[PDB]
Protein chains: 2
Amino acid sequence: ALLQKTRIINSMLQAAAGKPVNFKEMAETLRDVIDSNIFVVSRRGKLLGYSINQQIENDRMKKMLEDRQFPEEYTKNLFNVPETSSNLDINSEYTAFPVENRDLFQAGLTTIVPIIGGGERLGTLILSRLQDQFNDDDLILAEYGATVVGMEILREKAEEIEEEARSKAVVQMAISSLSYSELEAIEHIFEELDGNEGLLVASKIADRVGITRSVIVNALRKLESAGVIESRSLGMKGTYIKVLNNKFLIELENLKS
Amino acid sequence: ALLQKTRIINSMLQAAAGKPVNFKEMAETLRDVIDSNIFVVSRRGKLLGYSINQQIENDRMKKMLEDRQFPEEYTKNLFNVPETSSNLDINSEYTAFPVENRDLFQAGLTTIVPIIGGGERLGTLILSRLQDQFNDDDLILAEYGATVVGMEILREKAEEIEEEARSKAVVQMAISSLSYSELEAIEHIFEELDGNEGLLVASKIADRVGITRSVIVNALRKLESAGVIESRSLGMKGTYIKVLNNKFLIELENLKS
């Protein structure tokens with residue numbers, strides 16, 4: 001069980017991947033292969049992956065998952081030591097944790113595990129064993145279970161730079177290449193409208209400022225072309241409106257200046 | 001030495017580094033740990049740099065240093081190596097290599113390692129020795145050290161896709177806020193010029209064509225703070241125009257009509 005306990009956790013390790021990137025799925029082979037409780041915590045205490053394995057009743061886990069957040073001094077003291085710890089509980093070989101908070105280790109043979117998945121430090125991987133101690137073939141996995149999570153913290157937060165950052169730019173790259181009419185079109189079309197969606201006249205809103213009628217069509221022959229929306233435009237009843245892009249609404253409100 | 005000589009490889013781990021990747025040095029910190037030849041061959045079958053110390057007899061590992069590329073059948077053959085099988089010279093075990101292509105292992109005990117990463121094949125990292133074999137603890141350094149060769153492949157090509165994407169795009173954005181007139185200026189500016197570095201008069205250049213100077217004032221005061229050109233705006237006498245952007249006026253050539 002040195003080459004077989006690392007070959008069922010692999011049937012779960014994903015690199016970015018298509019199916020939902022979720023920590024509430026990441027410790028599947030860390031409960032019956034490590035056979036130990038798994039906590040996946042990020043830098044300053046913010047919870048994205050939880051779940052105790054065995055019913056151990058402490059007074060900082062009976063009120064902790066109740067908040068979904070590490071409190072006051074659980075943001076400045078869970079991010080200091082360069083490496084792991086051997087056999088943590090009410091006893092500690094040295095000053096493992098501050099004398100103000102010796103209570104995170106009262107219920108379990110706990111093991112705070114460092115995530116090093118890119119040449120850095122990604123929060124914590126807090127374990128808490130019932131009776132059995134951490135020895136040989138269930139310690140390397142408690143460490144390996146931190147980087148089976150560490151190909152996904154920069155894959156549930158690095159989808160926050162590829163999709164979230166881009167969507168701003170395109171929703172500007174299309175707006176940039178608009179002449180004044182079409183730029184006054186889409187600004188009056190989506191302000192005098194049903195917040196989210198819309199459906200009204202084809203060109204009765206057109207020349208009530210001074211603009212023309214058919215320049216309204218090509219204004220939409222921009223968004224549809226750059227790549228923002230879908231609209232089954234009827235030549236018999238105005239037109240159809242429903243957004244596709246997720247970040248266009250905000251960059252439409254804050255434009256009154 | 002399975003965690004002390006690994007801080008000569010995990011500490012070599014320079015994520016993107018910060019300097020335009022050098023590829024022989026990346027093949028030198030695998031030479032001061034396992035102690036062997038290094039051949040960082042990528043996916044298409046090309047070569048980038050080599051750290052060889054001892055003189056070993058070889059046949060097509062020396063037409064791979066001259067050409068830097070394999071002819072005909074190797075790109076097909078070494079495309080079919082899944083993981084890390086240990087020690088294959090003139091004698092393997094199954095149908096791993098053709099007999100006509102078997103001359104890649106003749107002399108010495110060479111152990112080929114694939115560079116798997118991100119969920120795809122990136123190439124073969126070739127290591128060859130003379131009279132020492134890759135033992136029970138000499139090759140997981142080429143397994144954990146094949147997870148990160150692709151790092152500076154998804155950081156070097158990743159600073160030649162975002163680096164290129166941004167270019168051709170910024171090269172276009174500026175083009176946009178240039179009204180047809182303001183464009184006409186650019187079409188005349190670079191066409192009558194010597195080399196990349198060119199400069200001539202303020203009053204003349206304009207109505208020589210017919211255009212005003214006023215729409216070169218603001219026209220070249222767009223690409224200025226946009227991010228395309230630097231030019232010391234001497235209102236006393238014209239100005240000198242050098243580009244901040246490379247493949248930019250190459251977008252001016254093909255877009256004639």
# chains A, B, ... in the order shown; residues from 1 in each chain; ligands from 1

call {"tool": "residues_around", "arguments": {"residues": "segment 79-93 of chain A", "least_positions_apart": "6", "cutoff": "6 Å", "atoms": "only C-alpha atoms", "output": "short mmCIF file (atom, residue, chain, number, x, y, z; two decimals) with N, CA, C and O atoms, in the first residue's frame"}}
result
data_model
loop_
_atom_site.label_atom_id
_atom_site.label_comp_id
_atom_site.auth_asym_id
_atom_site.auth_seq_id
_atom_site.Cartn_x
_atom_site.Cartn_y
_atom_site.Cartn_z
N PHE A 105 -6.38 22.49 19.13
CA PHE A 105 -5.92 21.12 19.29
C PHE A 105 -6.29 20.59 20.68
O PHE A 105 -5.48 20.60 21.60
N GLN A 106 -7.54 20.15 20.80
CA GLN A 106 -8.04 19.49 22.00
C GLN A 106 -8.70 18.16 21.63
O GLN A 106 -8.70 17.22 22.43
N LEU A 109 -5.81 13.85 16.85
CA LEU A 109 -4.38 13.82 16.51
C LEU A 109 -4.15 14.65 15.25
O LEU A 109 -3.78 14.13 14.19
N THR A 110 -4.37 15.96 15.39
CA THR A 110 -4.43 16.91 14.28
C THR A 110 -3.11 17.09 13.53
O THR A 110 -2.03 16.92 14.10
N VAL A 113 -1.28 20.87 7.44
CA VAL A 113 -0.44 20.53 6.28
C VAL A 113 -0.30 21.71 5.29
O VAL A 113 -1.31 22.26 4.84
#

call {"tool": "calpha_fit_rmsd", "arguments": {"fixed": "chain A", "moving": "chain B"}}
result
1.5 Å

call {"tool": "interface_residues", "arguments": {"of": "chain B", "to": "chain A", "cutoff": "12 Å", "atoms": "only C-alpha atoms", "output": "JSON, numbers by chain"}}
result
{"B": [9, 10, 11, 12, 13, 14, 15, 16, 17, 116, 117, 118, 119, 120, 147, 148, 151, 162, 165, 166, 169, 170, 172, 173, 174, 175, 176, 177, 178, 179]}

call {"tool": "residues_around", "arguments": {"residues": "segment 20-37 of chain B", "least_positions_apart": "2", "cutoff": "8 Å", "atoms": "only C-alpha atoms", "output": "ChimeraX atom specification"}}
result
/B:5,8-9,12,16-18,39-40,48-54,126-129,138,141,152,156

call {"tool": "write_last_selection", "arguments": {"atoms": "N, CA, C and O atoms", "output": "short mmCIF file (atom, residue, chain, number, x, y, z; two decimals), in the first residue's frame"}}
result
data_model
loop_
_atom_site.label_atom_id
_atom_site.label_comp_id
_atom_site.auth_asym_id
_atom_site.auth_seq_id
_atom_site.Cartn_x
_atom_site.Cartn_y
_atom_site.Cartn_z
N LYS B 5 18.63 16.35 -1.68
CA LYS B 5 19.01 16.64 -3.07
C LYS B 5 17.79 17.04 -3.92
O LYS B 5 17.89 17.22 -5.14
N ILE B 8 17.66 20.95 -4.51
CA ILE B 8 18.52 21.34 -5.63
C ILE B 8 17.71 21.23 -6.94
O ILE B 8 18.24 21.39 -8.04
N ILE B 9 16.41 20.96 -6.80
CA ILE B 9 15.47 20.87 -7.94
C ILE B 9 14.16 21.63 -7.66
O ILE B 9 13.67 22.36 -8.53
N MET B 12 15.30 25.15 -7.60
CA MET B 12 15.56 25.57 -8.98
C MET B 12 14.25 25.98 -9.64
O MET B 12 14.24 26.73 -10.62
N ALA B 16 8.09 30.87 -14.03
CA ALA B 16 8.31 31.88 -15.07
C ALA B 16 9.70 32.55 -14.98
O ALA B 16 10.14 33.20 -15.94
N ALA B 17 10.36 32.37 -13.84
CA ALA B 17 11.69 32.91 -13.54
C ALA B 17 11.72 34.43 -13.37
O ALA B 17 12.11 34.93 -12.31
N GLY B 18 11.30 35.15 -14.41
CA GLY B 18 11.40 36.61 -14.45
C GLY B 18 12.33 37.07 -15.56
O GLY B 18 12.32 38.24 -15.95
N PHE B 39 18.77 15.98 -22.49
CA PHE B 39 18.25 16.32 -23.82
C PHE B 39 16.76 16.76 -23.76
O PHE B 39 15.86 15.92 -23.94
N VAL B 40 16.51 18.05 -23.53
CA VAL B 40 15.13 18.59 -23.41
C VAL B 40 14.45 18.72 -24.79
O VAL B 40 14.26 19.82 -25.31
N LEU B 48 16.87 22.09 -27.86
CA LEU B 48 17.01 23.45 -27.32
C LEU B 48 18.30 23.73 -26.52
O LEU B 48 18.73 24.88 -26.41
N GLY B 49 18.92 22.68 -25.98
CA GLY B 49 20.15 22.82 -25.19
C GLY B 49 20.55 21.51 -24.52
O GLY B 49 19.69 20.71 -24.17
N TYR B 50 21.85 21.32 -24.32
CA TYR B 50 22.39 20.04 -23.82
C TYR B 50 23.52 20.18 -22.81
O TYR B 50 24.45 20.97 -23.00
N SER B 51 23.43 19.41 -21.73
CA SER B 51 24.45 19.39 -20.69
C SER B 51 25.09 18.01 -20.61
O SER B 51 24.69 17.17 -19.81
N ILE B 52 26.09 17.79 -21.47
CA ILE B 52 26.80 16.51 -21.55
C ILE B 52 28.21 16.66 -20.98
O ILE B 52 28.92 17.61 -21.34
N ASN B 53 28.62 15.74 -20.11
CA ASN B 53 29.95 15.77 -19.47
C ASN B 53 30.93 14.66 -19.88
O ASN B 53 32.10 14.93 -20.17
N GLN B 54 30.45 13.42 -19.89
CA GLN B 54 31.26 12.27 -20.30
C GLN B 54 31.07 11.97 -21.79
O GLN B 54 30.01 12.27 -22.35
N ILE B 126 15.20 13.36 -22.47
CA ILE B 126 16.13 12.23 -22.65
C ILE B 126 17.36 12.32 -21.74
O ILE B 126 18.11 13.30 -21.78
N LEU B 127 17.56 11.28 -20.92
CA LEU B 127 18.73 11.16 -20.05
C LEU B 127 19.52 9.89 -20.40
O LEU B 127 18.95 8.80 -20.42
N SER B 128 20.82 10.04 -20.67
CA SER B 128 21.66 8.89 -21.04
C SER B 128 22.97 8.80 -20.24
O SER B 128 23.68 9.79 -20.08
N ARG B 129 23.27 7.59 -19.75
CA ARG B 129 24.49 7.33 -18.97
C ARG B 129 25.47 6.39 -19.71
O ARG B 129 25.26 6.08 -20.89
N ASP B 138 16.58 7.08 -8.26
CA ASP B 138 17.34 7.93 -9.20
C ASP B 138 16.47 8.44 -10.36
O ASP B 138 16.98 9.11 -11.26
N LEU B 141 13.11 11.66 -9.54
CA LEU B 141 13.66 12.99 -9.77
C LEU B 141 13.38 13.45 -11.21
O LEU B 141 13.38 14.65 -11.50
N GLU B 152 7.92 25.75 -17.46
CA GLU B 152 8.60 26.65 -18.39
C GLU B 152 8.49 26.11 -19.83
O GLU B 152 9.46 26.10 -20.59
N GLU B 156 6.81 29.94 -21.07
CA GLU B 156 7.61 30.49 -22.17
C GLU B 156 6.77 30.70 -23.43
O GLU B 156 6.86 31.76 -24.06
#

call {"tool": "closest_residue", "arguments": {"among": "A:133, A:231, A:42, A:167", "to": "residue 251 of chain A", "atoms": "only C-alpha atoms"}}
result
A:167

call {"tool": "closest_residue", "arguments": {"among": "A:240, A:185, A:196, A:257", "to": "residue 219 of chain A", "atoms": "only C-alpha atoms"}}
result
A:185

call {"tool": "decode", "arguments": {"residues": "segment 37-130 of chain A", "atoms": "C-alpha atoms", "output": "compact mmCIF listing (two decimals), in the first residue's frame"}}
result
# COMPACT_ATOMS: atom_id res chain seq x y z
CA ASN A 37 -10.36 14.33 8.39
CA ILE A 38 -9.73 16.87 5.60
CA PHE A 39 -9.95 20.66 5.86
CA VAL A 40 -9.09 22.79 2.83
CA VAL A 41 -8.56 26.37 4.04
CA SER A 42 -7.23 29.34 2.01
CA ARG A 43 -4.72 32.04 3.09
CA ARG A 44 -6.61 34.24 5.55
CA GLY A 45 -9.15 31.74 6.90
CA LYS A 46 -11.75 31.77 4.09
CA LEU A 47 -13.53 28.40 3.77
CA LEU A 48 -13.94 26.72 0.36
CA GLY A 49 -13.48 23.05 1.38
CA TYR A 50 -14.76 21.49 4.62
CA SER A 51 -15.91 18.24 6.30
CA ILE A 52 -14.75 16.35 9.39
CA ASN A 53 -14.43 12.56 8.93
CA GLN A 54 -14.95 11.23 12.49
CA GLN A 55 -17.27 12.53 15.21
CA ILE A 56 -14.82 14.37 17.50
CA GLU A 57 -16.50 17.01 19.71
CA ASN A 58 -14.25 20.09 20.17
CA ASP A 59 -15.31 23.67 21.04
CA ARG A 60 -13.70 25.20 17.92
CA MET A 61 -15.30 22.86 15.34
CA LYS A 62 -18.83 22.91 16.86
CA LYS A 63 -19.00 26.66 16.23
CA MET A 64 -16.45 26.96 13.38
CA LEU A 65 -18.19 25.31 10.39
CA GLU A 66 -21.20 27.14 11.84
CA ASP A 67 -19.69 30.46 10.66
CA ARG A 68 -17.98 29.22 7.46
CA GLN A 69 -15.02 31.46 8.41
CA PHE A 70 -11.96 31.39 10.70
CA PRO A 71 -12.42 34.21 13.32
CA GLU A 72 -10.12 36.97 14.71
CA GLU A 73 -6.82 35.25 15.60
CA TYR A 74 -7.33 32.39 13.08
CA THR A 75 -6.06 34.61 10.22
CA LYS A 76 -2.73 35.79 11.73
CA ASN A 77 -1.60 32.47 13.28
CA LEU A 78 -2.53 29.84 10.66
CA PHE A 79 0.11 31.23 8.25
CA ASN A 80 3.58 31.27 9.87
CA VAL A 81 5.47 27.92 10.16
CA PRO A 82 7.46 26.82 7.01
CA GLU A 83 6.53 23.10 7.30
CA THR A 84 4.37 20.34 8.95
CA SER A 85 3.93 19.09 12.59
CA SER A 86 4.30 15.64 14.21
CA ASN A 87 1.54 14.45 16.59
CA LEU A 88 -0.36 17.68 17.45
CA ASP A 89 -2.87 17.91 20.33
CA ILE A 90 -3.00 19.53 23.81
CA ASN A 91 0.72 18.62 23.91
CA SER A 92 3.39 20.26 21.70
CA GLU A 93 7.19 19.73 21.52
CA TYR A 94 7.63 23.52 21.36
CA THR A 95 5.37 26.55 20.88
CA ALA A 96 3.25 25.05 18.07
CA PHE A 97 0.41 27.58 18.60
CA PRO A 98 0.07 30.77 20.81
CA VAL A 99 -0.85 30.52 24.53
CA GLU A 100 -4.02 32.55 23.80
CA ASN A 101 -5.33 29.78 21.52
CA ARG A 102 -4.23 26.28 22.64
CA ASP A 103 -7.78 25.08 21.90
CA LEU A 104 -7.60 24.33 18.14
CA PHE A 105 -5.92 21.12 19.29
CA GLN A 106 -8.04 19.49 22.00
CA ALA A 107 -10.00 16.93 19.97
CA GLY A 108 -7.89 14.87 17.55
CA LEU A 109 -4.38 13.82 16.51
CA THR A 110 -4.43 16.91 14.28
CA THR A 111 -2.03 17.64 11.38
CA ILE A 112 -1.81 21.13 9.81
CA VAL A 113 -0.44 20.53 6.28
CA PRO A 114 1.26 23.17 4.01
CA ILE A 115 0.05 23.55 0.41
CA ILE A 116 3.00 24.27 -1.91
CA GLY A 117 1.50 24.11 -5.43
CA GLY A 118 3.33 26.67 -7.57
CA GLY A 119 6.29 27.73 -5.42
CA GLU A 120 4.33 29.51 -2.67
CA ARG A 121 1.99 28.83 0.30
CA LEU A 122 -1.77 28.27 -0.20
CA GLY A 123 -3.57 28.48 3.16
CA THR A 124 -3.69 25.25 5.18
CA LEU A 125 -4.76 21.60 5.13
CA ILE A 126 -5.94 20.86 8.69
CA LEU A 127 -6.39 17.19 9.65
CA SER A 128 -7.80 15.71 12.91
CA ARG A 129 -7.45 11.97 13.67
CA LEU A 130 -9.60 10.13 16.21
